[PDB]
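Read through the structure below, which is laid out as structure tokens, and then see the notes.
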Amino acid sequence: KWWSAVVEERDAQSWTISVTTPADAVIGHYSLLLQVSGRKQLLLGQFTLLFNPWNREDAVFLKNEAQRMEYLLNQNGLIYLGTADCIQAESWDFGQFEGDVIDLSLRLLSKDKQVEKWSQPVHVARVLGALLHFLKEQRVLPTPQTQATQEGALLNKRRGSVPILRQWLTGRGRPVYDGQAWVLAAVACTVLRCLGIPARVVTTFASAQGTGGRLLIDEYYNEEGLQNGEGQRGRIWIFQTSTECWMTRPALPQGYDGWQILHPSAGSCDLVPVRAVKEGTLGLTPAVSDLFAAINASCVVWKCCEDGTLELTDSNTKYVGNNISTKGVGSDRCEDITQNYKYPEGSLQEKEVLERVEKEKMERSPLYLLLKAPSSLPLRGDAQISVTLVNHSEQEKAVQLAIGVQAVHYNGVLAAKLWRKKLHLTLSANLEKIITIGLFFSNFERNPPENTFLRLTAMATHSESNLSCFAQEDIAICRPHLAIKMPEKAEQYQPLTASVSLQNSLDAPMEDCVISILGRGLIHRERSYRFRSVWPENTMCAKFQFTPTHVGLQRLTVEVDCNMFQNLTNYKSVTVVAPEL
Amino acid sequence: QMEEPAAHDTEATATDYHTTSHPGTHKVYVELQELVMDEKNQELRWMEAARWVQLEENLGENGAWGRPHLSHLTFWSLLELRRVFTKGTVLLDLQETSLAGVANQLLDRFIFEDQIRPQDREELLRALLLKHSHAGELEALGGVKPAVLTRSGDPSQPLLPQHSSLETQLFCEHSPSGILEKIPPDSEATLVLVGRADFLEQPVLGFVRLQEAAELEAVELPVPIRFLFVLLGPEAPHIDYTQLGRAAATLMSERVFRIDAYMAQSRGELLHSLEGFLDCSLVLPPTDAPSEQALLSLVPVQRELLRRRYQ
Amino acid sequence: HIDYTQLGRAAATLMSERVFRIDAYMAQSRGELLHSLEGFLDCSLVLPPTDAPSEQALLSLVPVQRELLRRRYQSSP
């Protein structure tokens, strides 16, 4: 159970030792020395210590074997982006088994000086979370506010995490801008998997960041139906990434072993188990209430006016913090784990738990509408959007309808205004009124930004009274799909062919088509190729040939860069086996 | 109709593939092999021909290594070496453990830069993976004679003077343990392979530095391999692949150059180190002066050149 | 990579050879001058920079230039 050394077999000159290691020791670079009874010390070599989830008495232990492979031995992961309705997978290379990633992680860890807790990975997780959050605050650049679409391909292209770590530690690489600040979770997952703690990145859609302890968010809309001013303290973000670690809590009461969300504080970090979040144990960790409020919060809207006096309005309720998803186990399909955080909606358990929450905190329509909009918009395309209005009164009434479409960042930051329209209607004898309109890519007053989501706001103003109705929707923009053809199986040291095709579904001619391929264990670093013009109706097809070298399950990803858009990514997996003897 | 794209090159994202690790310092043992054919059986194979443990050691037709000696070069050797290194293909920090994978990646990179035509891939790959004999089996073979790769693969005699090399002729006409004692314990191997292919159109050079040293099973060397050179091409005037390999070995014999190769991250650094090496070399014309006095008059200029070398 | 002083020095040393002097004396076109210059470069001896020079090693090359001299006079009366 402690350090020991037993000679397994002895020969004339060769001796075999099977050295035992303690189940909980300080990790780092070690040195082995030998002392003779009389003579001096002689050095043997160096070695490195890591955790392992294969030991049942270790603090880190996972019962399943495949789950160890995905959460510790996998190097090609997926990140889920988009809105809650449409999900996009992006292939990421964590690359935790690179040559010098361990050196970077150890060198960064060496700035703690609490050496006695280096054998306890809870403290290690806390200090690394704090350090990475501070470094992210240090090294993330604000976006260049100037308009240069020609060089957008070199500003938003990602090649994995190893670089990000190299640029954050040494500052000798391509820096990262504020438009992609969700990579912090990926960096944390990479370094944690490097140290031997399994971790995984989850994505929460429509998460209310900002406010601490409140379940109410105020949003103020302009008189026209737009957003007056810019920014807010706490807003509803489009999505949020976070890191989850599998660990046992020895200092905590019984029943909290398992998954823990790592949440840094604006430095200092900490982590909280999932079940504690579900029950609502707010006195268990200072960072419980703020995280809990972000998964179920209410928003109310004030409609600004010319005088400036704000009046509360009746608006349609929106869902906050729903459809939590992550990478599936053993496959490439998304899996939802939102049930681990919340009770089922419209049930008892959520009702009593929430009412306990309110109690704990306090101790311390004649007309309306509903609207149908598509969940996505094809690039350079069009879509029809409908709204229906109903009134409930014996008399007629005049109404004023205002509709606006504007871009927004992924963290609730506005980008630009895109479209506006106003009309007037009259409802009589409580008859339904349906209005379907078309919206085109040519109707925009400017070019929408590269990484933004559209938000549409509809405002119905009642002429006689002051109460008025509001609604909004979130739309994403979908880009043309590209097809990849390649065999599911292949043999080592043999030629392999792949084909890629695309149909130009846009309305503009193609020029400067550049496509690149890459993949770990299949190709070298990356390879790029030119192309000719594609007209708005034709299809382009190409083929590539290579030779796999590393056995097992690999994958390769291609990306297309163009004049209309940048970084159009796709990927495909494959299995390669040893040659037949 | 299915169609292929045009190769494009850019340096937009090379920065992502630069390591922060120290390459480390090692001595290097340089080894040279060439493709020849043995009179016993009509089959091509690679013979070792020279080594650079401390000085250049040459192996004759009988199979006895001569006296280690100075590595003297020729003007043409360095001339075409620079000419082919100027537009060569390099593969840095490759992660492989077999000769087959290295060959496949190098062939793919050659096809990427149009150094070789696609239809020569199979033949070159097959020729690169033949069995690698050693010095001991020469007595089991009884001698070899030079040959050249052919489209059909059938060996033929080259249509060029096949006279023996002058270095062997002038330095030939217990050793493994001796060289193992001479080499430092921390030394890594560098391999150069030379040969001739008739269906090619231009000599091609390939430089490979592995991410870490490995002991390839295909060819036996006492120490793991870190660097590797490939020389191929058709027959041209004023060229000699043996002297090209000798010049490559002598270039590898420099401490500063191998340091630069260890820290190298692009072809430009290797090129710059190559011009730096070329600047500090001197040429001795054919003169009728006494040899010993001419060599003894060399000490001040060579001392100044070496003094200028270390900046 | 041009030093005009060294270019003149190389021209002078090229003029120093007896055989090249005879070639220049009988030359009737540029082709034979090119041939003689290429032959002179063929018998040229280049030595690289080293790390630990010694005269014991430097005396190991002594036969070659003698041979080279014979080769340089291989086509000479």
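Observations
- For the range A:195-251, the set of residues classified as under 30 Å from A:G308 (Cβ atoms) and among the aromatic types (F, W, Y) consists of A:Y220, A:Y221, A:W237, listed by residue number.
- In the set A:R172, A:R200, only one residue is among the basic types (K, R) and more than 18 Å from the chain's Cα centre (by Cα); that residue is A:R172.
- Output for the range A:504-521, where each listed residue is more than 10 Å from chain B (Cβ to nearest Cβ) and either of a type in the set (D, E) or touching a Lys or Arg at 6+ places or on another chain (Cβ under 9 Å) (or both): A:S505, A:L506, A:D507, A:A508, A:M510, A:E511, A:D512, A:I517, A:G519
- Answer from A:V329, A:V277, A:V301, A:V320 - the residue that is surrounded by 16 or more Cβ atoms within 10 Å (Cβ to Cβ) and part of a loop (DSSP other than H, G, I, E, B): A:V320
- Output for the range B:288-298, where each listed residue is closer than 14 Å to C:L47 by Cβ and either at the interface with chain C (Cβ under 8 Å from one of its Cβ atoms) or buried (at least 16 other Cβ atoms within 10 Å of the Cβ) (or both): B:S291, B:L295, B:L298
- Candidate set from the range A:522-536 (those that are at the interface with chain B (Cβ under 10 Å from one of its Cβ atoms) and within 15 Å of A:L482 (Cβ to Cβ)); member that is farthest from the chain's Cα centre (by Cα): A:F531
- Residue within the range A:40-49 that is surrounded by 10 or more Cβ atoms within 10 Å (Cβ to Cβ) and of a type in the set (S, T, N, Q) present: yes
- Counting only strands (runs of 3 or more DSSP E) that fall entirely inside the range B:27-113 and contain at least 3 residues that are away from chain A (no Cβ under 14 Å) and either surrounded by 20 or more Cβ atoms within 10 Å (Cβ to Cβ) or touching a helix residue (DSSP H, G or I) at 6+ places or on another chain (Cβ under 7 Å) (or both), the qualifying elements are B:27-37, B:44-51.
- Taking the criterion of being in a loop (DSSP other than H, G, I, E, B), surrounded by 14 or more Cβ atoms within 10 Å (Cβ to Cβ) and either facing chain A (nearest Cβ under 8 Å) or of a type in the set (D, E) (or both), the residues of the range B:1-26 that qualify are B:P5, B:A12, B:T13, B:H18, B:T19, B:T20.
- Checked against the criterion of being touching a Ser or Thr at 6+ places or on another chain (Cβ under 6 Å), more than 30 Å from A:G381 (Cβ to Cβ), within 14 Å of chain B (Cβ to nearest Cβ) and assigned to a loop (DSSP other than H, G, I, E, B), the range A:537-547 contains not a single residue that satisfies it.
- Yes/no for B:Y241 being closer than 24 Å to B:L130 by Cβ, surrounded by 15 or more Cβ atoms within 10 Å (Cβ to Cβ), within 17 Å of the chain's Cα centre (by Cα) and away from chain C (no Cβ under 14 Å): yes
- The range B:251-278 - residue that is away from chain C (no Cβ under 14 Å) and crowded, with 18+ Cβ neighbours inside 10 Å and, of those, farthest from the chain's Cα centre (by Cα): B:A264
- Hey, A:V176 within 14 Å of another protein chain (Cβ to nearest Cβ), surrounded by fewer than 24 Cβ atoms within 10 Å (Cβ to Cβ) and touching a strand residue (DSSP E or B) at 6+ places or on another chain (Cβ under 9 Å) or not: yes
- A single member of C:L45, C:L59, C:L69 is more than 23 Å from B:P68 (Cα to Cα), among the aliphatic types (A, V, I, L, M) and either surrounded by fewer than 18 Cβ atoms within 10 Å (Cβ to Cβ) or under 14 Å from the mean Cα position of the chain (by Cα) (or both), and it is C:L69.
- Residue ranges of helices (runs of 4 or more DSSP H) in the range C:19-77 with at least 1 members within 11 Å of chain B (Cβ to nearest Cβ) and within 15 Å of B:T74 (Cα to Cα): C:30-42, C:62-72
- Flag if C:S16 is more than 22 Å from B:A247 (Cβ to Cβ) and more than 10 Å from every other protein chain (Cβ to nearest Cβ): no
- A:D103, sole failed condition from (1) charged (D, E, K, R); (2) touching a strand residue (DSSP E or B) at 6+ places or on another chain (Cβ under 8 Å); (3) within 14 Å of another protein chain (Cβ to nearest Cβ): (2)
- Positions within the range A:85-123 being part of a helix (DSSP H, G or I), within 20 Å of A:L73 (Cα to Cα) and not polar (S, T, N, Q), in sequence order: A:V101, A:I102, A:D103, A:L104, A:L106, A:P121
- Yes/no for A:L165 being assigned to a helix (DSSP H, G or I), touching a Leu at 6+ places or on another chain (Cβ under 7 Å), surrounded by 20 or more Cβ atoms within 10 Å (Cβ to Cβ) and on the phi < 0 side of the Ramachandran plot: yes
- Restricting attention to the range A:224-266, the residues being at positive phi and touching a helix residue (DSSP H, G or I) at 6+ places or on another chain (Cβ under 8 Å) number 2.
- Scanning the range C:1-59 for residues that are in contact with a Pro (Cβ under 9 Å, 6 or more places away or on another chain) and of a type in the set (S, T, N, Q) returns C:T13, C:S16, C:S44.
- Residue pairs whose Cβ atoms lie under 8 Å apart, sitting 6 or more positions apart in sequence or on different chains, and linking a residue in the range A:377-389 that is under 25 Å from A:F470 (Cβ atoms) to a partner that is of a type in the set (S, T, Y) and surrounded by fewer than 16 Cβ atoms within 10 Å (Cβ to Cβ), are A:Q384/A:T436; A:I385/A:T436; A:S386/A:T436.
- Restricted to the range A:432-527, the set of strands (runs of 3 or more DSSP E) holding at least 2 residues that are surrounded by fewer than 17 Cβ atoms within 10 Å (Cβ to Cβ) comprises A:433-440, A:482-485, A:489-491, A:496-503.
- Looking only at the range A:358-378, and only at residues there that are of a type in the set (A, V, I, L, M) and exposed (fewer than 15 other Cβ atoms within 10 Å of the Cβ), the one that is nearest to the chain's Cα centre (by Cα): A:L370
- Residue ranges of helices (runs of 4 or more DSSP H) in the range B:196-295 with at least 2 members polar (S, T, N, Q): B:241-252
- Candidate set from the range A:27-73 (those that are among the small types (G, A, S) and part of a strand (DSSP E or B)); member that is nearest to A:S105 (Cα to Cα): A:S31
Positions of Cβ are generated from backbone atoms using ideal geometry, with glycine treated the same way; all protein chains shown enter the neighbour counts. Each reported figure results from applying straightforward, stated rules to the coordinates on display, with no laboratory input.
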